[PDB]
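Engineer: Structure in structure tokens, see below.
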Amino acid sequence: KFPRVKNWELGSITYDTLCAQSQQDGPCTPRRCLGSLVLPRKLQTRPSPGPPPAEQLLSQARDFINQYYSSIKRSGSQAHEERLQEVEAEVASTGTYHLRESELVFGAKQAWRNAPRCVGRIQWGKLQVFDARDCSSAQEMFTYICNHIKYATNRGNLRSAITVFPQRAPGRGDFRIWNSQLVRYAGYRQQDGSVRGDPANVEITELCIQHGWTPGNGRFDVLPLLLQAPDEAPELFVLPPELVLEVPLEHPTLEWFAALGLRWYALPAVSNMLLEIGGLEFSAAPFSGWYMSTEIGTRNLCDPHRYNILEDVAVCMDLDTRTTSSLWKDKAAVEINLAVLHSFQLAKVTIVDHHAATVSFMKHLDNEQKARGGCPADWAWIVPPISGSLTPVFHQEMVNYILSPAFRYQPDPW
Amino acid sequence: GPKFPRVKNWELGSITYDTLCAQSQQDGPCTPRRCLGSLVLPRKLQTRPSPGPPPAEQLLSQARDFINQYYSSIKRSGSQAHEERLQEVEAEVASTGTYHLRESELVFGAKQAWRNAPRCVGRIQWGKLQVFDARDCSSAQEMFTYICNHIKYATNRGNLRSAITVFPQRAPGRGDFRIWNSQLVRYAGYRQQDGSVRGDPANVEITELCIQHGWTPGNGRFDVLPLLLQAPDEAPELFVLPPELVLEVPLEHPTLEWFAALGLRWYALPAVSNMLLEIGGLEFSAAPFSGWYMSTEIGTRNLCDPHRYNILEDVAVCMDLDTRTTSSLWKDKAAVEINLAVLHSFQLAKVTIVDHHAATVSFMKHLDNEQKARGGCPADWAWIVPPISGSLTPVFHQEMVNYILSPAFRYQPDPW
Ligand code: HEM
Ligand code: HEM
Ligand SMILES: C[C@H](O)[C@H](O)[C@H]1CNc2nc(N)[nH]c(=O)c2N1
Ligand SMILES: C[C@H](O)[C@H](O)[C@H]1CNc2nc(N)[nH]c(=O)c2N1
Ligand SMILES: NC(=[NH2+])NCCC[C@H](N)C(=O)O
Ligand SMILES: NC(=[NH2+])NCCC[C@H](N)C(=O)O
Ligand SMILES: [Zn+2]
């Protein structure tokens, strides 16, 4: 019932009792574990043909409110049952309800805290929550997005933020941001099977063209936003260059590195996930914080299905790309992550290396153990793409579950 | 689509379904409400000792199941020999309460247990395994001879060959055949004066135990330990492996001439000897197995782990790296060079070893093979992906389904 969690580096032991508070089931069963799966249709929140049965919405709602009041410590006062009957009443009549700006603020922070795949949750209590639930057009969403960016970037001193657009309603389409991230580089499928730019962004780069975008011819062209208001065709919105803070990549010692022309944006704002608070769902709620050096250095730049530069860098360093035993790949990677850490630091833009990050996650796990009696973590995601064992998280046993409020995955609006 | 776990490879975009998992028989650590897939020893991968023989129906159910697998492998399901063997087994379990495997049945189960090991990334050679029957063994001294024969064969002068030696199974009442060591070849861990540990911290408990049973300890950082073999109901006897048998590799770097000066070294033969081999309900408490090393097991885990040799900082200082700041990636720079040293050394010493890229690239082919063969392959992602350069390796991008298939290598409690 209560999983014994052990750290093999220190022999320390803890029992996760918070997992008992999970109400949403995962993909695993006693017969088999599916923990390494990126997304089963279970953790997904697909569209629907009818409204969520009241009985359920009411219970998830009641729970959230019970959580919120326990947080501000007024758990039990008249204001609690005043808010409980207010929801019970609104639900019984409209079939739904709405959240107060304070409850939404507590909800978004708790969704982050509950995000199993987030290694930066040490900073969960520090989130700027922009209420954009008064949006009605794609043009309004754009304005709301441009403010989110301008603020989050803050000239380089990045700061966590989230803009929450209008919730989903059983009687209409969804407010959606088509791009997976507010800032992404374009991926142009060339003549043969080749790809100019980011291979992960080919599909979206095609859709923008479909909606009249005039495409560039570079590996680092920033994509325009495709914002969609309920039941309306999406709209193309080119982002203001000055808003988009980018960082030219250079190496502290390898002078020729700079000559590669590599660069990466400063803001990691995820815009395709769904935020769920109290049973209500927000199909558009872009959030952002700052980058961990590996997200760019290893994955975005070194993944074989991404920029894939390992070899280019390797031959520049003059490594033996003949056999895998010379470790040219491992070597080239470290230098790339080094170039990233050097560059962002030189450009006075916030980043956190994987050692610093995982170290902070260890303290967070501790704080959470004392706070809630456990902490949901996804080992495969928490452990960095390189130097896994060189970091403390690798040696830490973790328990994974679904706690609400939560950031869920959701279908693409096309 | 198909009502089976859909598996995707994010690098290639290819999808496969796992039908094989349908054949599993034992529950795991996970439940729908929580994934305990990152635990090393959940009480679900362990098989506790038995103060009583397995209930004749359950033991028989596994037996029947194993026999069927055997016949399916030789392509004689439903045949006269198949049905006869089944009767032979339930007949034997009937009068004695247990049964015995046939020579070929054991070779099959043993290779099947390897094939079914979720945490092994070297399963591509599962078919090529030398099974040394040692079910005739009756004494601790005979165990030593067997193990020595094993090390000799498997070491084959740095041209390692996969092998396992199966000692007598667990009989009701009669004590078990146990090798107290975790591996045949293991360095000693001396609990120091200040509190530290000279040698290998992992082996402190066993090193303390060897001393209690009469071992005369040295005081080195790389002292091979003596075997503490135990025959049924008898006390464990100390046995010292002769230096000639224990092949070792002195570590040196291909460019950093000073690395050699570090005096670091590792043994060529990786021989796990504390795991229980389960086949058809029959338990083999002693059955050491070995193959060859994957470079990261030594260069990253054995040498760099904080709770192991922890030589990361030392090498960093020698490379003249700023170990004051995290952002310098000094841990990353040293570890790469240490792993390169391990690779280089074993190559120079003409001892068999495989790097994490090649090892991993070969596990992908094994996966494709096992897809076409059984409709899946139970893999433990956490253990399959190397402790370094994870995403530079293709298995990182491969979703994996993990489940328990019998025969299998399972953990068991320590003899003491
Ligand atoms: C404060 C700085 C932050 C850092 C350094 C950080 C870092 C990370 C990293 C390394 C990942 C994995 C990303 C990947 O490999 O795709 C991640 C995932 C995630 N983070 Fe954070 N995070 C931070 C802020 C935020 C904020 C502000 C939120 C939400 C309000 C958040 C929510 C999440 C969620 C839900 C995921 C899962 C993403 C997915 O499933 O694709 N993070 N974070
Ligand atoms: C042929 C060469 C082989 C290679 C390269 C290989 C490689 C590996 C690696 C890298 C591990 C991880 C061990 C750790 O990090 O603790 C592993 C685990 C394992 N291997 Fe293999 N293996 C090989 C041969 C064998 C053989 C011959 C057997 C058995 C007949 C076997 C059975 C297993 C099992 C059961 C584990 C589980 C380890 C544990 O749970 O502690 N392997 N192998
Ligand atoms: C298949 C596997 O789960 C997948 O490649 C995961 C592994 N761990 C990860 N971890 C993080 N942080 N991000 C990812 O994209 C991945 N991909
Ligand atoms: C806690 C976590 O399961 C543990 O540290 C695992 C991670 N992956 C591993 N992978 C391998 N190959 N070997 C190990 O010992 C581990 N340890
Ligand atoms: N720091 C974050 N919260 N990042 C969210 C995911 C960003 C994504 N991994 C990228 O490389 O763009
Ligand atoms: N290749 C193997 N059979 N490895 C088994 C585990 C060995 C262990 N990781 C070691 O380095 O000693
Ligand atoms: Zn699981």
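Just so we're on the same page: first chain in the structure tokens is A, next is B, and so on; residues restart at 1 for each chain, and ligands are numbered from 1 in the order they show up.
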Looking only at strand (DSSP E or B) from DSSP on the backbone, list the matching residues of region 140-360 of chain B as a VMD selection string.
Structural biologist: chain B and resid 163 to 166 178 to 179 183 187 189 to 191 197 to 199 224 227 to 230 237 to 239 248 to 250 265 to 267 271 to 272 276 to 279 282 to 284 289 to 290 293 to 294 353 to 354
Engineer: Taking only C-alpha atoms into account, which residues of chain A are within 7 Å of chain B, as a PyMOL selection string?
Structural biologist: chain A and resi 9+19+22+24-37+303-305+324-327+329-331+334+341+353+355-356+379-380+385-390+397-401
Engineer: Go ahead and write the selection's residues with C-alpha atoms as a short mmCIF file (atom, residue, chain, number, x, y, z; two decimals), in the first residue's frame.
Structural biologist:
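Writing done, so here's again_5.cif:
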```cif
data_model
loop_
_atom_site.label_atom_id
_atom_site.label_comp_id
_atom_site.auth_asym_id
_atom_site.auth_seq_id
_atom_site.Cartn_x
_atom_site.Cartn_y
_atom_site.Cartn_z
CA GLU A 9 23.77 6.45 -2.74
CA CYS A 19 0.38 8.29 -3.65
CA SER A 22 -4.08 9.80 -6.38
CA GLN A 24 -6.45 9.21 -11.75
CA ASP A 25 -4.95 5.85 -12.82
CA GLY A 26 -1.78 5.45 -14.92
CA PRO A 27 -0.81 2.99 -17.72
CA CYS A 28 0.81 0.30 -15.54
CA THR A 29 -0.78 -2.87 -14.11
CA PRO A 30 0.70 -5.65 -12.00
CA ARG A 31 1.02 -7.71 -15.22
CA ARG A 32 3.29 -5.15 -16.90
CA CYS A 33 4.94 -1.76 -16.46
CA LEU A 34 4.56 0.90 -19.16
CA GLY A 35 6.47 3.62 -17.31
CA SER A 36 8.77 4.42 -20.25
CA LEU A 37 5.85 5.25 -22.53
CA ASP A 303 19.09 13.92 -31.03
CA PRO A 304 19.33 12.04 -34.33
CA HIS A 305 15.79 13.17 -35.24
CA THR A 324 32.14 3.90 -31.46
CA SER A 325 34.91 2.92 -29.02
CA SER A 326 36.75 6.25 -29.38
CA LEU A 327 33.65 7.79 -27.73
CA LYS A 329 29.81 11.01 -29.53
CA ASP A 330 30.18 11.35 -25.77
CA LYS A 331 33.00 13.82 -26.24
CA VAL A 334 29.89 17.46 -23.51
CA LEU A 341 26.20 26.89 -20.66
CA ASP A 353 23.04 22.83 -15.71
CA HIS A 355 23.97 18.91 -11.97
CA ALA A 356 22.61 22.11 -10.42
CA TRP A 379 12.58 8.71 -13.22
CA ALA A 380 13.10 8.43 -16.99
CA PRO A 385 19.99 12.71 -21.12
CA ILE A 386 23.71 12.50 -20.32
CA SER A 387 25.75 11.76 -17.21
CA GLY A 388 22.79 10.07 -15.60
CA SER A 389 24.68 8.39 -12.74
CA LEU A 390 26.97 11.42 -12.29
CA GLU A 397 14.14 5.56 -6.22
CA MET A 398 10.97 7.35 -7.28
CA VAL A 399 7.23 6.80 -7.14
CA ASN A 400 4.97 8.02 -9.97
CA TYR A 401 1.26 8.84 -9.83
#
```
Engineer: To one decimal place in Å, what is the distance between CA of residue 276 (chain B) and CA of residue 65 (chain B)?
Structural biologist: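 Computing it gives 19.0 Å between the two atoms.
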Engineer: Residues at most 7 Å from ligand 2, using only C-alpha atoms and all ligand atoms? Could they come as a ChimeraX atom specification?
Structural biologist: /B:110-111,114,117,119-123,125,129,162-164,289-294,297,354,359,383,409
Engineer: Could the residues in this selection be written to a file with N, CA, C and O atoms, as a CSV table (one decimal), in the first residue's frame?
Structural biologist:
```csv
chain,number,residue,atom,x,y,z
B,110,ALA,N,17.8,-22.4,-18.8
B,110,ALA,CA,18.9,-21.5,-18.5
B,110,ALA,C,19.0,-20.4,-19.5
B,110,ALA,O,19.2,-19.2,-19.2
B,111,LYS,N,19.0,-20.8,-20.8
B,111,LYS,CA,19.1,-19.8,-21.9
B,111,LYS,C,17.8,-19.0,-22.0
B,111,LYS,O,17.8,-17.9,-22.5
B,114,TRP,N,17.9,-16.2,-19.3
B,114,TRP,CA,18.8,-15.1,-19.8
B,114,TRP,C,18.0,-14.3,-20.7
B,114,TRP,O,17.8,-13.1,-20.6
B,117,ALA,N,15.6,-12.0,-19.0
B,117,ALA,CA,16.1,-11.0,-18.1
B,117,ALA,C,16.0,-9.6,-18.6
B,117,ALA,O,16.7,-9.1,-19.4
B,119,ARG,N,16.7,-6.6,-17.3
B,119,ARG,CA,17.9,-5.8,-17.1
B,119,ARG,C,19.2,-6.0,-17.8
B,119,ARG,O,20.1,-5.2,-17.8
B,120,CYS,N,19.2,-7.1,-18.6
B,120,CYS,CA,20.4,-7.4,-19.4
B,120,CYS,C,20.3,-6.8,-20.8
B,120,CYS,O,19.3,-7.0,-21.5
B,121,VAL,N,21.3,-6.0,-21.1
B,121,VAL,CA,21.3,-5.4,-22.4
B,121,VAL,C,22.1,-6.2,-23.4
B,121,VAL,O,22.2,-5.9,-24.6
B,122,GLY,N,22.6,-7.4,-22.9
B,122,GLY,CA,23.4,-8.2,-23.8
B,122,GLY,C,22.7,-9.5,-24.2
B,122,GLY,O,23.3,-10.5,-24.6
B,123,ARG,N,21.4,-9.4,-24.3
B,123,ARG,CA,20.6,-10.6,-24.6
B,123,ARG,C,20.6,-11.0,-26.1
B,123,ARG,O,20.1,-12.1,-26.4
B,125,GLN,N,23.0,-12.4,-27.4
B,125,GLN,CA,23.8,-13.6,-27.4
B,125,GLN,C,23.1,-14.7,-26.6
B,125,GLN,O,23.8,-15.8,-26.3
B,129,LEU,N,25.1,-19.8,-25.2
B,129,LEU,CA,25.4,-19.9,-23.8
B,129,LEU,C,25.9,-21.3,-23.4
B,129,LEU,O,25.2,-22.3,-23.8
B,162,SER,N,30.4,-16.7,-22.7
B,162,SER,CA,29.3,-16.7,-21.8
B,162,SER,C,29.0,-18.1,-21.2
B,162,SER,O,29.0,-19.1,-22.0
B,163,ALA,N,28.8,-18.2,-19.9
B,163,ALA,CA,28.6,-19.5,-19.3
B,163,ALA,C,27.9,-19.4,-17.9
B,163,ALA,O,27.9,-18.3,-17.3
B,164,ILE,N,27.3,-20.5,-17.5
B,164,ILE,CA,26.7,-20.6,-16.2
B,164,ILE,C,26.9,-22.0,-15.7
B,164,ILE,O,27.0,-22.9,-16.5
B,289,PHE,N,26.7,-17.1,-13.3
B,289,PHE,CA,26.7,-16.9,-14.8
B,289,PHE,C,27.6,-15.7,-15.1
B,289,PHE,O,27.9,-14.9,-14.3
B,290,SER,N,28.1,-15.7,-16.3
B,290,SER,CA,29.0,-14.7,-16.8
B,290,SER,C,29.0,-14.4,-18.3
B,290,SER,O,28.6,-15.3,-19.0
B,291,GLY,N,29.4,-13.3,-18.7
B,291,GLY,CA,29.5,-12.9,-20.1
B,291,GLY,C,30.7,-12.0,-20.1
B,291,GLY,O,31.7,-12.3,-19.6
B,292,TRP,N,30.5,-10.9,-20.8
B,292,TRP,CA,31.6,-9.9,-20.8
B,292,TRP,C,31.1,-8.5,-20.4
B,292,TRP,O,29.9,-8.2,-20.3
B,293,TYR,N,32.1,-7.6,-20.1
B,293,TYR,CA,31.8,-6.3,-19.6
B,293,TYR,C,31.3,-5.3,-20.7
B,293,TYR,O,31.7,-5.5,-21.8
B,294,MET,N,30.5,-4.4,-20.2
B,294,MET,CA,30.0,-3.3,-21.0
B,294,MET,C,30.8,-2.2,-20.3
B,294,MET,O,30.8,-2.0,-19.1
B,297,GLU,N,29.9,-0.1,-17.0
B,297,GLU,CA,29.7,-0.8,-15.8
B,297,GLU,C,30.9,-0.6,-14.9
B,297,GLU,O,30.8,-0.6,-13.6
B,354,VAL,N,32.6,-4.5,-24.5
B,354,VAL,CA,31.8,-3.8,-25.5
B,354,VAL,C,31.3,-2.4,-25.0
B,354,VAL,O,30.9,-2.3,-23.8
B,359,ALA,N,26.9,-1.8,-27.7
B,359,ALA,CA,26.1,-2.7,-26.9
B,359,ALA,C,24.6,-2.5,-27.0
B,359,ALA,O,23.8,-3.4,-27.1
B,383,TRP,N,17.4,0.4,-16.6
B,383,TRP,CA,18.6,-0.4,-16.6
B,383,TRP,C,19.2,-0.6,-18.0
B,383,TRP,O,20.4,-0.8,-18.1
B,409,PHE,N,16.0,-15.3,-13.9
B,409,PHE,CA,17.0,-15.0,-12.8
B,409,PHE,C,16.3,-14.0,-11.9
B,409,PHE,O,15.9,-12.9,-12.3
```
Engineer: Region 241-253 of chain B: which residues within 6 Å, counting only C-alpha atoms, same-chain residues fewer than 4 positions away excluded, as a PyMOL selection string?
Structural biologist: chain B and resi 259-260+264-268+341+345
Engineer: Taking only C-alpha atoms and all ligand atoms into account, which residues are within 9 Å of ligand 5, as a PyMOL selection string?
Structural biologist: chain A and resi 118-120+160+181+183-184+265+267-270+287-292+294-296+299-300+351
Engineer: Need the shell around residue 238 (chain B): protein/DNA/RNA residues with any atom at most 12 Å away, counting only C-alpha atoms. Skip same-chain ones fewer than 3 positions apart. Format as a count of residues only?
Structural biologist: 26
Engineer: So that I can see what lies close to region 343-345 of chain A, please list as a count of residues only the residues with an atom at most 7 Å from it, counting only C-alpha atoms and leaving out residues fewer than 2 positions away in the same chain.
Structural biologist: 12
Engineer: Which polymer residues have any atom within 6 Å of an atom of region 173-176 of chain A, counting only C-alpha atoms, with same-chain residues fewer than 6 positions away left out, as a PyMOL selection string?
Structural biologist: chain A and resi 228-231+283-284
